[PDB]
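Alright, two takes on the same chain below, each alone as structure tokens: structure 1 and structure 2.
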Structure 1
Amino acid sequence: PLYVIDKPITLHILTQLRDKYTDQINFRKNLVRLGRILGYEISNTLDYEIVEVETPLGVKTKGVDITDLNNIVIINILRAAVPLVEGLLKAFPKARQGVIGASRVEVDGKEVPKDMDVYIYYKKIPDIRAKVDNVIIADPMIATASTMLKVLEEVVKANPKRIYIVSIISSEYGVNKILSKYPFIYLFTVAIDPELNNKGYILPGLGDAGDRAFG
């Protein structure tokens, strides 16, 4: 399932992020912001049940309860996901948090075509309850999806109820590469960019979210 959250509010922030004349304080702050907005979108897609409450004037009345806000396992993909996951926690307070690190298998002869043999050098995920939890992998940029797919490779094994992916900008290539392989995946993103260059950088993109937000 593809969800392209391109409303005015989100395209407004996305524009600020794109703009290179946007300093670090603002670039970082916008990541957190979207995190909370896309965090809200995913919320309106989670499993909920109808409940009954009793108002003050004593009137038992129906209501909704997103019981699944109790089964959230967010997975922070360093280094740029951090700020994104910050805003995500504002929507999923009850989430356990996984941390993952991945590096392109250092080749030597610049090759990044469709695959840069990614490799995990850090992994710390809480227990994922099979067919119960809703895993949410966060990473602002999905370019060649080498990273994402490598992370998924491991998550899929846990067999959680649902698997969500939250990115700001993902590439034409990267979105199809993922969904074709894992069609049951709920992929949320704000914009889907046409192409990526021969270095794996997304175009038009927005530069390096990691350095833009940290350095």
Structure 2
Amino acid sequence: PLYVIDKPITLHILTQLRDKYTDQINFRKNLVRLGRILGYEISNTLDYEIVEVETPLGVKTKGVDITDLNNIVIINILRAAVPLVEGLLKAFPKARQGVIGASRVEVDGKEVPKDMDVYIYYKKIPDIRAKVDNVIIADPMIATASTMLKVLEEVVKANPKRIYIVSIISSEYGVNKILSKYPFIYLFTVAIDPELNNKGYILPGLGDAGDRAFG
């Protein structure tokens, strides 16, 4: 499943993120704000149950209960993902969090890269209950999808109920590379940009997330 959340407000925020004239502080704040929104969006795709509920007026009426809100595990790739994850956590108060610090190797090639090398420097995750937990992996940018793939390479092992991916911008290349390998993934993104350059950056994109957030 591919979800492109292009509502006014998310595009508005995305514009600010794209704007090279946005300082790191506001860059991060916007990233958190988006995380919260994308969380809301994911919420409505979550599996839920119909229930009945009684009101103070002594009458019963039917309602909804997204019990799955207790079966969420957010994976923090770290670095630029932090502010985004922060937003997601605010969205899912009862979510557990694990971290899989992965970093692709920045390299300048002759052609547009198809894959980068990614390494997991730190891993500490909660226990992902197979068939029960909804796992959400966040990463502001998905270029060659190499980073996401490395993380997924082992989130899938746990066989979660669902696996959501959340990013601000994903390249057409990355999106296809991921969904063709794991068609069951719910991929959420604010925008899908057309191309990558020789260094592996999304165009137009918004520059290097890490630098835009901490530089």
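Superpose the two forms; the largest set of C-alphas matching within 1.5 Å is the rigid core. Here, residue number means position along structure 1's sequence, counting from 1.
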| query | finding |
| --- | --- |
| Of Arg104, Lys123, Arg129, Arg79, the one whose Cα moves 2 Å or more between the two structures after core superposition | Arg104 |
| Shift in Å of the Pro113 Cα between the two structures [rigid core superposition] | 2.5 |
| Between the two structures, C-alpha offset at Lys90 (rigid core aligned, Å) | 1.2 |
